[PDB]
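Structure, as structure tokens:
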Amino acid sequence: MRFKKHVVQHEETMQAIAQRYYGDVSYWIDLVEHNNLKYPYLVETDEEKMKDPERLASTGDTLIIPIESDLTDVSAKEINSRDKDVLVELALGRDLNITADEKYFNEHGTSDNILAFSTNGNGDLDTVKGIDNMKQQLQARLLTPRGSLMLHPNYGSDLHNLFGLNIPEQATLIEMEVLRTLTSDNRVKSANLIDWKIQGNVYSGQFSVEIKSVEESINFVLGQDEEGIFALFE
Amino acid sequence: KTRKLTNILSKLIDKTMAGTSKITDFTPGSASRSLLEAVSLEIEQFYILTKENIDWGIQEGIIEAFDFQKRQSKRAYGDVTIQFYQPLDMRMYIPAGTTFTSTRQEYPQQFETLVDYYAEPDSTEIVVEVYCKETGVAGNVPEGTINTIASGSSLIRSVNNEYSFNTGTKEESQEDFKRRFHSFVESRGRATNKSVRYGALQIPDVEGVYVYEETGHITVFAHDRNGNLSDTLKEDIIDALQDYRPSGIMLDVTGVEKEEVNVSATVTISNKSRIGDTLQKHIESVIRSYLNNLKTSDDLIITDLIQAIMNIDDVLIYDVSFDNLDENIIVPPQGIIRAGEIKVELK
Amino acid sequence: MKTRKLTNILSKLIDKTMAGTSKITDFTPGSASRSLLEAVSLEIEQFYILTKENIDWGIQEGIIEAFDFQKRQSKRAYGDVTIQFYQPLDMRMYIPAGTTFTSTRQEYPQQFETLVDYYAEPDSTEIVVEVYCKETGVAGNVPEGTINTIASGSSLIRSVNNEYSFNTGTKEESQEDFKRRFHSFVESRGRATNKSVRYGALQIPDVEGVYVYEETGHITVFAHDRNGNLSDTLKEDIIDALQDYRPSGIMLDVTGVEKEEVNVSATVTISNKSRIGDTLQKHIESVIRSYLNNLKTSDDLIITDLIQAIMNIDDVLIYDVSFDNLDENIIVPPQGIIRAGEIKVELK
Amino acid sequence: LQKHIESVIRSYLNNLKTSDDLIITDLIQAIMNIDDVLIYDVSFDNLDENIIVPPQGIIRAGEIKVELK
Amino acid sequence: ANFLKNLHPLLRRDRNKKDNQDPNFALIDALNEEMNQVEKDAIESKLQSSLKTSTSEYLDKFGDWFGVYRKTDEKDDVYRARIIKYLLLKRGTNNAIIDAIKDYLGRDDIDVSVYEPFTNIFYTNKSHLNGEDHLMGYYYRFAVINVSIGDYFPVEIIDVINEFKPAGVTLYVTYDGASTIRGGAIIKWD
């Protein structure tokens, strides 16, 4: 359950609150009954509240409005930018950093024993969040051979076998495999080719990845509020 | 019974139209309509105020005249002392809502100040008033409970509540208020068997009273916890009942017809090693308590006594028998049973 | 509430308006400002009036609530019915509760039933059984001779008849009687007095009136129902109620009033002889029954008072009245009462 | 209530093992512990003294009857 | 008194500086005065709904409900005290009769007592033969009382006692003329 809570403003009235929330002043008596207020409902200052602290409320006190509120179906324009950042951080998840030392496992991408855990410098395990978490997950999926991970036959990629000839056919095979790998992730909305080239022994390419927008992540997390898990099991 | 906002506004508009035709625009946003709506809202609020006052008066106005106060639910409140390491170098400010707590699991109640406070530079320790955030007796913390401030400056040496909080109260229900008032009204009664019995029972040392009525005479049977009626207590009862008895009627006081029952019991026991004086005295004490617990009109059922003696222990106590107790000793309403000489034989 | 009136409020508003500005000086009839202030002041006047009325109502409600002195509701009529057999019984027949009694007289189609079982002994010729009207209110106050049917269908029944008109049925209590009994309550908070004994006897709703006859060391409580009877159950209930109120050590006895049943046969002459019929006879009989049953305890019957009561029905239509069974006034003692018996009227 | 008390008595009698002596007071407390308040007094119309069972004997319930007053 | 708060927001709440005779402020303040006065009256009206704090007309309503009527020039405090006392009257004993006698009369210092002749019934054993006791009969009988009054009384005081005495007790009244003698009652010859 969840209800709205209203702070008493300067020289406010119960009719104004009822109009603001319920859309009609008629509910001010219901608001009085629910909050158990005496006739001077909103006193000028705390000196008057001292006369009867139980039954009276002064400026700065909090009233309860029993309207069933729900975090979903809330306009994202009202949400603060920091709140949006935290929401997308929750949506993309938090995971222990393993892709530290980018140079090492970029030099030995196809081999095992390439990545390892790391510390955050404060004595605790390192963590990657949001875009860093997505980077880590996508790098791990691309580097992982398909079928090598226990309990997950489909997770990984076939790039270890696509060290073929230097022709456009193998380049297309690589591109298709990479697109399959990126599309395998549920968070990746779509991926597509940008540009590629061949320099004899070396193949080079780059891709564009469009993660789920801020609106979709906000909606997902705020809908998760009904369950309270706030965790990812994709 | 009462008008309402729409009705008041409609009648105001109708009366305004009747009074003059110079105004005809009563649409939303009109200055005249806004004025009439404000007046109508004020009048509706006054109507609600009158309704509240009358509702209070219906259920408290009459009884309040007889010095009877209904117990309202209150937040526990009281004074706390804050000590500073030294006289204050500047004017310190404690805003309203500053929280005070206690470092115990026994008392998770939170207290807060409902008003702003100021401590002068010359002061070294200032007392403030804090209110419990929850209504009820839960805020009635004992002395030396409140010992922390959640937003205080480091200049504080210590925090302490000098006295226990006792102002927290639960709301008294209306039926209990009516019951107290009716009990008082009944107590105002006089010159009846009920009123005489009541007035006798208000005496401190009287435990039970039976009033027997005869034409032209009243006799009162009274007893203490021991089933006795001392001469001093008899005189006290007489003096108290001088005010109660009817005019032209004779009243007498007498002691309850006490009947001391001597019980000699043979108790068969399983564990022969546990036979000893202590178990004997325990059984004797149980029997004595059973016999002395009986009220004025309670008859001594022997089967219930056997049940109690066997329920002392379900396996150890094997069997019981009595030579004195052959059949249930019936007694009248004015004859109480009490414990006499008791003996227990272990077999 | 100080009970202000409209003119003073309007005058005060206009005076303050004039004081606050010299520009506004037109408060004639038909002006906007006068109309607005008149409307406001009228609403205030109505608020004050309704507040006063609501306070009066709330005082009554608080009186009711504080002492739990609930107002008495409408009472269902009840009475007794006589039943006769062909010959004295041999079987001890059983009549369970709920045995319905009805009347063929369509003018009074109300139904009655027994709330308690009854037994008729062998070698018994008739039985009296108490019955209660199914419907509440005055509708159960049928006249004598109305009930003449029993729905049990037993063949042993010869005839059914209620020997007296029922009167116990009444509507909801009036305000004046409620206030009267509240005064009796206040008076009888002192338990042992005569007024308190009278209240305790009247504490039972079914009791109509009580006369406390007092002697040295003895009390006699003459009590009666609306019909002038005092059943054993009601006597026991009165005694139980009086246990709390009666003085201790003084003998008390409860007995029924010395009820006297009057039979009236009236010969009446009518100026307009076309008006003769069953309606006029029944109306006059109803008036006579109402007059006789409205008599309280210690009320002496006066023949001239009955004469004027009959003649005031219609002084022109009714020409003369003569009684075939009454010739002199009846003196009722303090402990007696008159109730209607068999009422008959002959139209000439 | 009659059937419940009869069932309790039957259970108590049938639960007796070999060489278990019937004691009337034990049966009294077993009956009274059903409800000490509701039950006021108990009296037996066919038993007056305890029954001694030898090692090779046993007691079993016969006809159980209860009268409510 | 929320008239200014719930007023149309564009309207001025304060007397304008440009004109000391601002009719808008005059009209608003006039209406606000009436609104505040009605609020004050409504707040004060709570006193009339309670028997403890009621006054003239509503107190008369209360006393009419309780069956006690205001006397000539009887003020509210004594009237409510009389109502409360009338509700709480003890009845059926010697003390109640004495209190009623001393209340109906204008003073309390008068000597009043209730004599119970059944205390002086001649019993065979305990009663002295030539003592104060009398043989049992009509007067020396239970359910009989003789009230001694040491002051002039109206005959209606008997009816007053009839209101308080228990039912079934015969009443007698004795007038003690010694208590009402002017000055010292001892007569001198020398």
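Cβ atoms come from the backbone with ideal geometry, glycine included; neighbour counts cover every protein chain shown. Each value in this text was obtained by applying a stated rule to the coordinates, not by laboratory testing.
Each 10 Å bin from 0 upward holds the following percent of the Cα-Cα pairs of the protein assembly as shown: 1, 6, 8, 10, 11, 13, 14, 12, 9, 6, 4, 2, 1, 1, 0, 0, 0. Note on chain A: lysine pairs with Cα distance below 15 Å, sequence gap of 8 or more or different chains, count 8.
Find the percent of Cα-Cα distances in segment E:17-153 that exceed 21 Å, and round it to a whole number.
Working: 6468 of 9316 pairs.
Taking all Cα-Cα pairs of segment E:17-153, the fraction more than 21 Å apart is 69 percent.
If a paramagnetic tag sat 7 Å from the Cα of residue E:69 along the Cα-Cβ line, which residues of segment C:178-221 would have the backbone N under 18 Å from that point? So the set is C:179-184, C:186-187. Around the Cα centre of chain B, unit charges on the Cβ atoms of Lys, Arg, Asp and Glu (plus for the first two, minus for the last two) sum to a dipole of about 1620 debye.
With r as the distance between the Cβ atoms of residue B:66 and residue B:26 and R0 = 41 Å, compute the FRET efficiency 1/(1 + (r/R0)^6) and round to 0.05. Don't skip to the answer; put the middle values down first.
Details: r = 53 Å, r/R0 = 1.29.
In this case the efficiency is close to 0.20.
By DSSP, the beta bridges lying fully in the protein assembly as shown are antiparallel in about 70 percent of cases. Between residue A:209 and any residue 5 or more places off or on another chain, the built amide H atoms are never under 5 Å apart. Remark: spin-label model distance residue A:142-residue A:214 equals 2.6 nm, labels positioned 7 Å along the Cα→Cβ axis.
In chain C, the longest principal axis of the Cα atoms and the axis of helix C:232-245 are about 50 degrees apart.
Quick one: of the DSSP bridges fully inside chain C, what percent are antiparallel, nearest 5? All intermediate terms of the calculation are to be shown ahead of the outcome.
Numbers: 34 of 50 bridges.
The answer is about 70 percent antiparallel.
Label-to-label distance for residue A:152 and residue C:138 is 9.2 nm, based on points extended 7 Å past Cα in the beta-carbon direction.
Each stretch of four or more DSSP H residues adds -39500 (n - 2.57); spread over every residue of chain C, this sum gives -10500 deg cm²/dmol at 222 nm. Note on residue A:161 and residue A:102: with the Förster distance fixed at 30 Å, the Cβ-Cβ geometry gives a FRET efficiency of about 0.80. Counting, for every residue in C:20-27, the Cβ atoms of other protein chains within 10 Å of its Cβ and taking the mean gives 4.
Around the amide H of residue B:131, modelled in the peptide plane, lie the amide H atoms of B:112, B:113, B:114, all under 5 Å away and 5 or more residues distant in sequence or on another chain.
Pairing the Cα long axis of helix C:32-67 with the longest principal axis of chain C, what angle in degrees results, from 0 to 90 and rounded to the nearest 10? Computed tilt is about 40 degrees.
What per residue convex hull volume, in Å³, do the alpha-carbon atoms of segment B:219-292 yield? Walk me through the numbers on the way to the answer.
On the way: hull volume 8.0 nm³, N = 74.
Convex hull of Cα atoms, per residue: 109 Å³.
When the alpha-carbon atoms of chain B are used, the pair Rg, Dmax equals 36.1, 114 angstrom. Short to long, the 5 Å bins of the Cα pair-distance histogram for segment A:85-201 hold 2, 10, 16, 20, 22, 15, 8, 4, 2, 1 percent of all pairs. Taking a ≥ b ≥ c as the square roots of the Cα gyration tensor eigenvalues, with a/c under 1.5 meaning rounded and otherwise prolate when a/b beats b/c, else oblate, which class fits segment B:1-43? The shape class here is oblate. For chain D, averaging the sequence separation of C-alpha pairs within contact (under 8 Å, six or more residues apart) and dividing by the residue count gives a relative contact order of 53 percent. As a proxy for reagent exposure, ranking A:77, A:84 by other Cβ atoms within 10 Å from fewest up yields A:77, A:84. Neighbour counting of Cβ atoms within 10 Å sorts the residues B:56, E:189, fewest neighbours leading, into E:189, B:56.
Ordering B:253, B:41, B:99 by the projection of their Cα atoms onto the charge dipole of chain B, which places +1 on the Cβ of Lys and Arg and -1 on the Cβ of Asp and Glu, puts B:41 at the extreme positive end. Estimated translational diffusion coefficient (Stokes-Einstein, Kirkwood radius over Cα pairs, 25 °C, 0.890 mPa s) of segment C:133-200: 157 µm² per second.
Find the percent of Cα-Cα distances in segment A:1-92 that exceed 21 Å, and round it to a whole number. Could the numbers behind the result be given before it?
On the way: 1835 of 4186 pairs.
Considering segment A:1-92, 44 percent of its Cα-Cα pairs are separated by more than 21 Å.
With coordinates expressed along the principal axes, the C-alpha atoms belonging to segment B:1-93 extend over 77, 50, 16 Å, beginning with the largest.
Among the DSSP helices (H) of chain E, those spanning at least 30 angstrom by Cα along their long axis with an average Kyte-Doolittle hydropathy of -1.0 or more are E:23-44; this is a geometric and hydropathy rule only.
Gyration tensor over the Cα atoms of segment C:157-270: the corresponding equivalent ellipsoid has semi-axes (square roots of 5 times the eigenvalues, largest first) of 31, 19, 14 Å.
For D:4, B:223, the sequence from fewest to most other C-beta atoms within 10 Å is D:4, B:223. Summing Cβ point charges (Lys, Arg +1; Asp, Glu -1) relative to the Cα centre of chain A gives a dipole of roughly 620 debye. Evaluated with a Cβ-only charge set (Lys, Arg +1; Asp, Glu -1), the protein assembly as shown carries a dipole of roughly 3200 debye about its Cα centre, given to the nearest 20. Here r is the Cβ-Cβ distance between residue B:272 and residue D:14 and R0 is 30 Å; the resulting FRET efficiency, rounded to 0.05, is 0.55. Taking 7 Å steps out from each Cα toward its Cβ at residue D:59 and residue E:134 produces label points 7.6 nm apart.
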